[PDB]
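A.B. asks: Submitted below is the structure of interest, expressed as structure tokens.
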Amino acid sequence: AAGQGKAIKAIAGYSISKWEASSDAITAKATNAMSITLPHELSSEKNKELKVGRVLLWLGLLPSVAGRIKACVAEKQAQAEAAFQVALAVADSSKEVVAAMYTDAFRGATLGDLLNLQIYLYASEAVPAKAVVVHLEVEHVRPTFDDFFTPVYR
Amino acid sequence: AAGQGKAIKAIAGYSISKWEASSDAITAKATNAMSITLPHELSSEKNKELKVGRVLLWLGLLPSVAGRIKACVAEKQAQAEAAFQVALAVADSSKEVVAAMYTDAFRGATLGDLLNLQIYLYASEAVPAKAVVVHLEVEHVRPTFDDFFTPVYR
Amino acid sequence: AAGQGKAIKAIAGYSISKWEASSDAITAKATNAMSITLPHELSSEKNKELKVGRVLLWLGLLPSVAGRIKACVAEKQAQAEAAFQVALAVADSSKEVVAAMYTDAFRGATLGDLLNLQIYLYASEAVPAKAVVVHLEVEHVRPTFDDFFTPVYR
Amino acid sequence: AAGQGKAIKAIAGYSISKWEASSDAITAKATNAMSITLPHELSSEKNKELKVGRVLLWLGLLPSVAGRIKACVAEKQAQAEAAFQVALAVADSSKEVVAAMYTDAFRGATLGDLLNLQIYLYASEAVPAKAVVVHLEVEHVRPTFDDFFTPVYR
Amino acid sequence: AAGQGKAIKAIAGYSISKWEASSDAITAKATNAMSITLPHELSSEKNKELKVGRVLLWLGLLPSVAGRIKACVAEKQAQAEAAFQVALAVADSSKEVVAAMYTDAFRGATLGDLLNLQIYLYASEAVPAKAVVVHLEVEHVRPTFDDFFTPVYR
Amino acid sequence: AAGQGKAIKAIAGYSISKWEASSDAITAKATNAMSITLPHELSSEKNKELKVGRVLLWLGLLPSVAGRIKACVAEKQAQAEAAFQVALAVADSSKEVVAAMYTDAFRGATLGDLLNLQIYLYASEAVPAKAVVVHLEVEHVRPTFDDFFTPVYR
Amino acid sequence: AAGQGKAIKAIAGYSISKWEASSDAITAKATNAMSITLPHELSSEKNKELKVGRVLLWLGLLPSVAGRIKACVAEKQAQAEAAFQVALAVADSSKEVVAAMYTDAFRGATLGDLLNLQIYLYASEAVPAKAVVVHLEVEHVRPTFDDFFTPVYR
Amino acid sequence: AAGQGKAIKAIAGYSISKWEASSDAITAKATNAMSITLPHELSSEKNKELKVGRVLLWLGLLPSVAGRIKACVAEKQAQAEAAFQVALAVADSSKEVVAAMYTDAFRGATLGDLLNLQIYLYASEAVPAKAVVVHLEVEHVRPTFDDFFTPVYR
Amino acid sequence: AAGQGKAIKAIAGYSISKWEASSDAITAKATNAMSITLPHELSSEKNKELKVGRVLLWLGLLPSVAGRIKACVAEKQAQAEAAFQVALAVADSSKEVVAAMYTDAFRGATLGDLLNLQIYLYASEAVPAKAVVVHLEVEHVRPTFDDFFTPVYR
Amino acid sequence: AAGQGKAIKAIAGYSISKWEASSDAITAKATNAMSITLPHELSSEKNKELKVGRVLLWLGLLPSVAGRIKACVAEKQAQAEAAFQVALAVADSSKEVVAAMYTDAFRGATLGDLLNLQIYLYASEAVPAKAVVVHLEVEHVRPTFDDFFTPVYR
Amino acid sequence: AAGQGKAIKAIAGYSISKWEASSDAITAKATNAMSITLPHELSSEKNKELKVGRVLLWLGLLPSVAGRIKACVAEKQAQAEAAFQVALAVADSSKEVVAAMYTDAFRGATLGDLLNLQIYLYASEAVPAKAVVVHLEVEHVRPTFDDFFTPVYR
Amino acid sequence: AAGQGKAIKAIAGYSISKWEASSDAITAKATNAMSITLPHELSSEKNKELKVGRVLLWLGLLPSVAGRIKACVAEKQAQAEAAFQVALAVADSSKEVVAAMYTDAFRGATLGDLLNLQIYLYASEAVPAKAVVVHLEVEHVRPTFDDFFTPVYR
Amino acid sequence: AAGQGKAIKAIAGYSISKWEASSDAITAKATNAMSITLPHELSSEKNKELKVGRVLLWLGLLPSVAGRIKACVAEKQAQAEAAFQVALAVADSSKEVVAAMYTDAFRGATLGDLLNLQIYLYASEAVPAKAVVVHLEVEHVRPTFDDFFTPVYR
């Protein structure tokens with residue numbers, strides 16, 4: 001009566017940018033480490049400084065993909081494997097809900113800082129490239145738009 | 001509080017149309033792609049323009065049906081398999097709740113647009129035809145009725 | 001805990017009648033179809049017309065019963081198997097909650113109509129008779145009692 | 001008033017259960033002593049403890065039944081005849097109103113206690129069996145009904 | 001200290017229809033069983049569904065008629081004699097008041113149901129035909145009347 | 001009108017003491033004269049001075065007791081027979097109600113005075129001893145109870 | 001106190017029943033154990049359920065009675081002697097005040113429970129029978145009296 | 001104000017009459033029984049009807065008087081000795097306070113009734129006559145005084 | 001509070017004069033009779049007329065003094081011994097409190113009248129002279145002081 | 001939200017008593033039936049009558065314990081196995097939450113009644129003794145505590 | 001002492017725990033020294049820290065126990081005998097009230113501290129074991145109860 | 001409470017200092033005279049001038065100490081024995097309460113003055129040294145405490 | 001009106017300290033028992049006394065770690081294995097949520113007490129060291145900070 005019929009809503013002043021990234025082939029027990037790339041509209045300097053709120057990560061797999069997939073967002077790791085030991089949430093294909101909701105892990109940071117983070121992706125068995133799409137949804141402060149025309153009328 | 005003895009209610013002004021569709025045989029690891037067909041009462045032009053709200057999809061399987069079934073609603077795909085990587089919800093027979101609730105995926109669209117969508121249905125093992133019934137429940141704006149007689153008495 | 005602590009309560013004017021029914025042996029993949037029998041107190045004509053609200057169905061199995069059990073309430077079916085494809089709820093022993101709550105499936109009907117319904121019971125493996133007790137709980141309008149003595153004193 | 005076109009009503013919270021018992025042949029001047037048997041619905045332990053209010057007893061005789069019939073409710077008697085000397089009310093076929101209304105004789109007792117009471121029936125002349133039906137009407141606290149389903153939903 | 005110059009009045013919304021039926025010869029100790037026949041104005045379908053309230057039955061006998069007459073209204077009986085053992089009221093010529101007021105026996109039923117009832121009439125001695133008139137007074141919901149003319153000025 | 005299901009209630013400040021007395025054999029047309037004996041609890045001096053209100057007397061006879069019985073309460077009589085000519089009320093077995101309600105005959109007197117009264121009992125035919133129980137119900141001022149402990153702790 | 005001229009008063013709604021019991025001969029150092037017997041007026045079922053408040057016990061001895069007497073109220077004991085070790089109060093003839101006031105020992109219990117209690121009586125020297133009177137005063141809820149006459153008037 | 005040097009005061013409308021009585025010789029273990037004699041001023045008929053409240057009794061002994069003295073006020077006894085077993089208070093020379101305060105024993109009685117009472121006096125050893133003075137103090141309704149002269153002026 | 005850690009206080013307008021008197025030898029069972037001597041300051045005529053309130057008398061004995069001592073204040077007696085039978089209070093060395101508080105015995109009298117009273121002192125055994133000090137404390141109206149100088153300055 | 005960072009709280013007036021019981025060895029597919037034992041503090045008569053509310057049962061197993069364990073609370077069963085078919089809740093080690101919350105199954109009963117209940121424990125494989133601890137938590141009316149000392153001080 | 005009819009009541013927030021301890025044989029003039037043992041319910045760590053208020057100690061002796069018994073509570077003594085010289089209260093069988101009320105001796109301390117105290121018990125004559133029961137009543141802060149179930153539902 | 005569960009409290013502004021003194025051997029009938037010694041904290045000049053209120057003195061004796069002990073506080077006496085004849089209170093071991101409360105004897109005096117007083121102690125029989133502890137409790141004006149630091153900062 | 005987008009928040013006045021601990025190799029079916037170490041900032045005396053609220057424990061494992069891991073917090077155990085039978089919560093890698101939330105297990109305790117607790121960690125298969133990171137999060141009263149400089153300026 002407030003969850004399965006309604007979606008989770010952004011806070012006042014923020015909006016949600018969503019984008020994806022396709023996986024690269026991954027060998028059994030391996031852990032690839034792709035990086036975050038902001039969508040063009042958010043790459044400006046003015047935007048790369050917008051403050052982040054919550055971050056959600058979920059996975060889209062081909063029905064065929066067998067095995068177990070796990071993924072998460074954490075800072076660059078000396079050892080990929082280890083990301084999963086410190087990540088504050090993990091999207092795991094074997095659970096009921098295959099998603100990772102970072103409630104405060106990056107709250108306060110800003111887009112751009114997200115560029116220094118990484119998405120670690122593990123698979124228990126070999127998985128073809130493009131077989132896993134990683135969806136990322138970032139709640140951040142709503143960007144500002146231009147309110148004035150260039151002043152050409154002297 | 002402590003209980004789910006009430007179903008999710010339609011929003012003010014909307015009602016929920018429910019209908020089903022029987023599956024066609026499906027071979028192991030295959031992904032059939034049946035299409036949405038509005039119920040006759042909703043096929044009129046006046047109706048095919050009623051705005052959609054939420055859309056629920058669930059599966060009815062024969063108890064015997066072994067294996068894993070997955071289904072979802074998405075736009076026509078170049079590759080059937082791929083639908084599951086972008087669908088915003090998936091009904092999966094291996095989960096506790098085998099249903100897919102599209103909260104906003106089609107909100108704003110109108111019936112008829114639903115005609116351009118598809119229902120992708122995957123099975124990990126061979127499945128006889130008619131062994132899976134796909135239930136579809138669309139919350140849409142309530143159609144209008146005639147409140148006036150033909151003007152005969154001049 | 002915080003998961004609940006309270007049971008689901010009947011609506012105003014209604015009460016809940018509960019009764020059970022023991023299973024008959026059932027062979028692997030089979031689907032028996034026992035029928036609903038109102039409790040004596042509800043068999044009168046006056047009562048068989050009391051309106052139904054919600055209906056709950058749950059299973060009580062012997063610890064030993066191995067395999068998977070599924071059950072449901074639906075109208076007489078040409079094919080037993082098929083009941084599970086149209087039933088609005090299914091009690092399934094493999095889930096966390098092995099119960100089926102029919103929120104509106106029979107709301108409005110009346111006891112007695114329940115007599116034309118059936119309880120389909122499936123088992124993935126052979127199961128001895130009496131190994132499964134099917135509990136049925138019907139929320140219906142509360143029956144009336146006499147408020148007057150026979151007018152004897154003239 | 002101007003007359004009784006209204007029956008006597010049960011006090012608040014109580015209802016009236018009515019049932020009968022057929023007589024056994026009875027010889028002139030004799031006094032049979034049949035016993036009270038609660039109706040099945042009231043035989044449960046939960047019910048056998050419902051408090052009693054007023055109790056009414058009346059007789060239904062074949063038109064042909066000649067002679068005088070008297071009946072009453074009292075505790076088991078050493079001497080049947082004697083019941084009529086202590087009973088607080090007696091139904092007598094020779095009176096205008098052939099009924100016995102025990103206003104307080106059993107008020108406070110509970111159903112079940114009624115099981116330890118007896119119905120003494122006298123006849124001045126020989127009377128065939130089944131020729132007299134003894135109607136008993138008991139005003140008692142209304143039994144309670146279940147308001148909650150079984151807590152299933154976790 | 002009240003009064004006895006006032007008859008019992010029908011409740012709001014109801015009215016009282018009265019009619020009679022003449023007896024057929026009746027032999028000593030016998031019990032004839034004539035049946036209820038609604039008055040023509042009440043035989044329509046619209047009316048045969050009007051709800052009943054109270055029902056009064058009284059007897060009109062020739063001064064000469066000796067012996068004892070009893071009468072009552074009850075459902076069709078296997079044994080005529082037995083009606084008097086279950087009837088909730090009996091008109092008996094030997095009492096001060098020779099009438100039977102069914103306060104609730106048929107409350108709720110409807111006219112027409114009255115057609116399935118019977119009037120049992122007993123006499124302790126032989127009685128010529130037409131020597132007893134059985135008056136019947138039924139309080140029922142007031143029938144509705146037409147408030148509109150046929151719409152012709154169109 | 002309803003209320004024929006209520007007993008006559010004692011006035012404010014008073015309560016009703018009830019007790020009985022068994023008859024002694026009585027020969028045809030004779031008139032025995034037993035006397036009033038207060039119940040032990042009322043024999044104290046403090047109590048024998050409680051003021052009386054109404055007094056009720058009724059009879060309990062063996063069903064068999066044939067003939068006519070009459071009884072009443074009056075002051076000691078020179079001639080037993082005569083009591084019935086001055087008694088303000090008489091219990092008579094031939095009437096509808098076999099009781100005598102002295103509304104004011106002893107109002108104002110006190111218990112104890114009742115000791116100087118007598119119960120005259122007449123029978124039209126011979127009657128065995130113990131065949132008639134005379135019930136006596138006296139409404140009197142409610143006796144006072146002790147409100148203090150003995151003063152020992154001083 | 002403010003001087004000592006007032007007795008201890010019963011609480012609202014309660015009254016005090018007082019009664020005594022005579023002793024049986026008692027040998028030196030012996031401990032007799034007589035039992036509590038409610039006064040007739042309190043032996044009814046209605047009364048044996050009246051709640052107790054405080055209980056007082058004091059002794060009345062012949063002036064001649066030499067030696068020391070002790071008494072008390074406690075539950076049936078395996079060993080008479082031992083009663084005095086657990087009794088919450090003891091009446092002792094050698095003290096200034098020879099009484100035992102049980103303030104809460106039996107508060108809440110009901111008359112009748114008092115029947116399961118005992119009065120232990122010890123004497124340091126031989127004492128004739130009847131030489132000691134044991135007074136008992138029980139504060140209990142004020143018993144109820146009949147407020148209705150037997151309904152003889154229909 | 002506050003204190004410990006205040007005597008116990010008579011209730012409103014009452015006053016306290018005090019008087020004494022000298023003892024008669026008394027032999028060891030014996031129990032004399034002198035009687036109450038109202039003071040002359042209280043012997044009038046008008047006064048012998050004044051209601052009593054509390055009664056106090058104390059003893060005045062010669063310093064020499066050895067042994068133990070006990071006294072009390074109770075109704076005439078069959079056995080002198082026995083008075084002490086029922087008296088509600090006893091003045092005993094061996095106690096700290098040699099007095100007996102009858103708080104309610106005679107409350108309600110009237111002077112004169114006091115004439116039917118007795119003062120039992122026991123001594124453990126032989127005691128000369130006049131060696132014990134028995135003081136008696138009675139709180140009673142204040143006798144009324146004449147407020148009118150004789151109507152001499154007609 | 002008032003009689004615990006606080007002494008009993010003189011009433012308004014009064015004060016308490018305290019003084020003592022030494023005893024004269026006293027032989028076993030004897031009763032000396034010393035007399036009251038006002039303190040010099042109270043011997044004036046003006047003072048000897050001050051009204052008395054309460055009077056307290058207590059004894060001070062040598063630790064060694066064995067036996068029992070009794071004392072009191074009463075009017076001159078024909079027989080010393082007898083004082084103790086009429087004195088309204090007695091100071092007794094065998095009691096808890098060895099004092100005599102005359103609450104009203106001399107209330108109203110005046111100092112000087114005290115000169116006509118006597119202090120009777122009894123001893124059960126021989127007692128040396130000066131071995132008992134009799135303390136006397138009289139509450140009386142406070143004497144008046146001079147508020148004016150001699151009108152010498154004109 | 002209030003999430004599961006808060007435990008389920010007892011209703012006003014009640015408190016929760018928790019205690020455990022160690023298992024006895026159990027053979028494959030067997031079903032032991034240990035019984036409930038109230039904790040000492042609750043064994044008193046005063047307590048064995050405290051009303052129960054909700055009851056929770058959960059299991060504590062050794063990490064090593066392999067197989068499936070099920071447990072429940074029900075009345076003594078003819079057949080242990082059968083308890084699981086009628087129990088209103090079952091703690092099952094294979095579920096997410098291994099507990100059984102009886103919301104109303106024993107509401108209204110009292111402690112002590114719990115003594116007539118049993119804990120049935122089943123295991124799919126052999127399990128050593130003490131390998132399973134059964135925790136029981138009973139919500140019941142809070143026991144009352146003494147607020148008064150023994151009335152020692154006179 | 002102070003108030004009769006009423007027991008001394010606990011201060012707001014505290015309650016009274018009562019328990020006993022049986023004596024061990026004791027030889028003439030000897031002084032045993034048993035120790036305090038908290039009742040199980042109070043042995044928990046949470047409880048052993050509940051603050052104490054007043055403490056009462058009284059004795060229960062067999063009627064036969066001759067001689068004088070004294071008892072008290074004090075800290076462990078080098079010399080048992082000496083306890084009685086410093087204890088702030090002593091229960092003495094020779095006094096009117098055989099009890100010891102420690103008003104402030106242990107106020108502020110906590111249960112548990114009571115464990116470091118001792119109960120010294122003296123007897124002037126030889127006394128069998130178990131012949132003296134020492135009752136101990138401690139007023140302490142009211143212990144707190146569990147208001148939550150174990151958080152099992154996560 | 002009742003006044004038996006509360007100690008006597010010091011007056012506003014005052015506090016109570018308590019201390020003891022051990023006795024020196026004392027021969028039969030002798031009277032030792034130990035002197036008062038203020039506790040160190042009270043020996044300062046500032047304190048020796050604090051005003052006294054009430055003074056309490058009680059005795060702590062060895063259980064064995066036989067005989068009679070008496071004690072008191074008075075000014076230095078020419079004759080020890082004599083102190084008891086003028087002391088305003090005496091602690092006497094033979095009384096119920098072995099204490100001496102000087103309500104006004106030293107009120108107004110100051111500590112230090114107490115140094116000029118003496119404690120006289122008498123014994124009827126020989127008593128070892130240290131066998132009697134004399135407790136002294138003095139209510140006096142509460143000593144004042146410094147509210148300022150030394151003015152060091154100049 | 002949303003769902004799981006919020007984190008459980010600390011109560012007013014408290015904050016949450018989080019820290020971790022790396023595991024040591026662990027052999028199949030073994031149960032290591034590491035101990036709690038407060039973070040430096042919390043090791044001060046001032047802090048080790050800050051009260052605890054809720055405690056959360058969760059595990060971070062290498063994706064590769066196969067087998068089942070269980071962990072929990074409990075007091076030092078005689079038998080490691082046994083911790084899991086009494087811990088009020090267990091983090092289990094096989095469940096949906098691998099965490100243990102101690103809602104009240106340590107509420108009230110203080111940091112430092114946590115030092116006497118242990119973290120038991122079990123594994124069904126051999127696990128390398130450092131392969132499991134145990135996260136511990138403690139909600140405790142917020143520590144205070146210094147608000148003043150050292151008073152160096154005189």
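Lettering and numbering for the structure tokens are positional, with chains as A, B, ... in the shown order, residues counted from 1 in each chain, and ligands counted from 1 in the shown order.
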I'd like the contact shell of residue 10 (chain L) - 12 Å cut-off, only C-alpha atoms, skipping same-chain residues fewer than 6 positions apart - returned as a PyMOL selection string.
C.D. replies: (chain I and resi 1+5-6) or (chain L and resi 16-17+52-56+103+137-142)
A.B. asks: RMSD over all C-alpha atoms, chain M superposed on chain C in order?
C.D. replies: 1.1 Å
A.B. asks: I want to know what sits within 10 Å of residue 120 (chain H), based on only C-alpha atoms, with residues of the same chain fewer than 5 positions away left out; could you give that as a PyMOL selection string?
C.D. replies: chain H and resi 31-35+70-77+80-84+87+90
A.B. asks: Using only C-alpha atoms, which residues sit within 6 Å of region 42-50 of chain L once same-chain residues fewer than 2 positions away are excluded, as a PyMOL selection string?
C.D. replies: chain L and resi 39-40+110-112+141
A.B. asks: Run DSSP on the backbone and give me the residues of chain G it puts in alpha helix (DSSP H), as a ChimeraX atom specification.
C.D. replies: /G:83-86
A.B. asks: So which residues touch region 98-100 of chain M within 8 Å, counting only C-alpha atoms, skipping near sequence neighbours fewer than 4 positions away, as a list in words?
C.D. replies: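 So the residues in contact are residues 154 of chain K; 56, 57, 58, 59, 72, 89, 90, 91, 92, 93 and 94 of chain M.
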A.B. asks: Can I get the residues of chain G within 9 Å of chain J, each with the closest pair of atoms and their distance in Å to one decimal, using only C-alpha atoms, sorted chain first then ascending number, as a Markdown table?
C.D. replies:
| residue | atom | partner | partner_atom | distance |
| --- | --- | --- | --- | --- |
| G:88 | CA | J:150 | CA | 6.8 |
| G:89 | CA | J:152 | CA | 7.7 |
| G:97 | CA | J:154 | CA | 8.5 |
| G:101 | CA | J:151 | CA | 8.0 |
| G:102 | CA | J:151 | CA | 7.7 |
| G:103 | CA | J:151 | CA | 6.6 |
| G:104 | CA | J:150 | CA | 8.1 |
| G:105 | CA | J:150 | CA | 8.8 |
A.B. asks: With a distance cut-off of 10 Å and only C-alpha atoms, select the neighbouring residues of residue 23 (chain M), excluding the residue or stretch itself and same-chain residues fewer than 4 positions from it, and output the selection as a PyMOL selection string.
C.D. replies: chain M and resi 32-34+121+127-134
A.B. asks: Write a file of the just-selected residues containing N, CA and C atoms, as a short mmCIF file (atom, residue, chain, number, x, y, z; two decimals), in the first residue's frame.
C.D. replies:
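Produced file out.cif, reproduced below:
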data_model
loop_
_atom_site.label_atom_id
_atom_site.label_comp_id
_atom_site.auth_asym_id
_atom_site.auth_seq_id
_atom_site.Cartn_x
_atom_site.Cartn_y
_atom_site.Cartn_z
N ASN M 32 35.38 -19.94 13.87
CA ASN M 32 36.37 -19.07 14.48
C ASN M 32 35.67 -18.12 15.41
N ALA M 33 36.39 -17.47 16.31
CA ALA M 33 35.75 -16.54 17.21
C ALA M 33 36.59 -15.30 17.43
N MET M 34 36.53 -14.35 16.51
CA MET M 34 37.28 -13.10 16.65
C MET M 34 36.59 -12.20 17.66
N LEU M 121 32.17 -16.84 13.66
CA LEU M 121 32.10 -16.93 12.22
C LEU M 121 32.28 -18.35 11.74
N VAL M 127 37.95 -21.79 3.91
CA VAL M 127 37.99 -20.41 3.42
C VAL M 127 39.30 -19.72 3.78
N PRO M 128 40.02 -19.19 2.78
CA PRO M 128 41.29 -18.48 2.93
C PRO M 128 41.16 -17.36 3.94
N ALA M 129 42.28 -16.84 4.42
CA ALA M 129 42.20 -15.75 5.37
C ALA M 129 41.92 -14.50 4.56
N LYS M 130 41.34 -13.49 5.22
CA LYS M 130 41.01 -12.22 4.58
C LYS M 130 39.89 -12.32 3.54
N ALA M 131 39.35 -13.52 3.35
CA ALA M 131 38.28 -13.72 2.37
C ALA M 131 36.91 -13.24 2.84
N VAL M 132 36.80 -12.89 4.12
CA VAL M 132 35.54 -12.42 4.64
C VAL M 132 35.77 -11.20 5.49
N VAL M 133 35.08 -10.10 5.19
CA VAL M 133 35.22 -8.89 5.97
C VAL M 133 33.97 -8.76 6.80
N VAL M 134 34.11 -8.60 8.10
CA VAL M 134 32.96 -8.48 8.96
C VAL M 134 32.72 -7.04 9.31
#
A.B. asks: Run DSSP on the backbone and tell me which residues of region 2-154 of chain J come out as strand (DSSP E or B); list them as JSON, numbers by chain.
C.D. replies: {"J": [9, 14, 15, 16, 17, 18, 19, 20, 21, 22, 26, 31, 32, 33, 34, 35, 51, 52, 53, 54, 55, 56, 57, 58, 59, 60, 61, 69, 70, 71, 72, 73, 74, 75, 91, 92, 99, 100, 101, 102, 110, 117, 118, 119, 120, 121, 122, 123, 127, 132, 133, 134, 135, 136, 137, 138, 139, 140, 141, 148]}
